[PDB]
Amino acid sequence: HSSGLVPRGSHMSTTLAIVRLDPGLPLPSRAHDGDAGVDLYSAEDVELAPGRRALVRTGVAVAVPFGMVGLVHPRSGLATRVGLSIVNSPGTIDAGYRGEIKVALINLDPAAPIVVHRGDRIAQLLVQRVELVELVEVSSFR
């Protein structure tokens, strides 16, 4: 069968609407089958000295479904190789957000600056269900 047919085991898989605010970047994609995240691109060149942080545009906006959350995670390779991290990791993308996804990168290396180029894959976006809990206040209840 061709790929337009949804296989039985994927009947209930979730769709995510996405706008490329920067049409010159590829759509985010999973690096390998079954990978949890789609990789987000940087729309911009950024140089981070040790300890500096920047709010980096990804060129995309998404519509996370109600009842779900988008989560922006660092990539392990950049984290290990150069100390690149995300200040607010895991970044929380709410269902109602329609703005551009931005990544708060930070250089956690003590001495070597990190150069990010436009078109580099700088984070990964996961989508999960979340419990939109109803709080029940009690006076008292490992």
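Each residue number is its position in the shown sequence, starting from 1.
> Between residue 141 and residue 142, count the deposited residues left without coordinates and pick a bin: none, 1 to 3, 4 to 9, 10 or more.
Missing residues, residue 141 to residue 142: 4 to 9.
> Regarding 49-57 and 110-118, which shows the higher C-alpha temperature factor on average in the entry?
Higher mean C-alpha B-factor in the PDB entry: 110-118.
> Is the mean CA B factor in the deposited entry higher across 9-17 or across 120-128?
The stretch with the larger average C-alpha B-factor is 9-17.
> From 102, 81, 75, 32, which pick has the Cα B-factor that tops the rest in the entry?
By C-alpha B-factor in the record, 32 ranks first.
> Looking at the C-alpha B-factor of residue 70, is it in the lowest, middle or highest third of its chain?
Its C-alpha B-factor, which the entry lists for residue 70, ranks in the lowest third among residues of this chain.
> How does the C-alpha B factor of residue 91 compare with the rest of the chain: lowest, middle or highest third?
Its C-alpha B-factor, which the entry lists for residue 91, ranks in the lowest third among residues of this chain.
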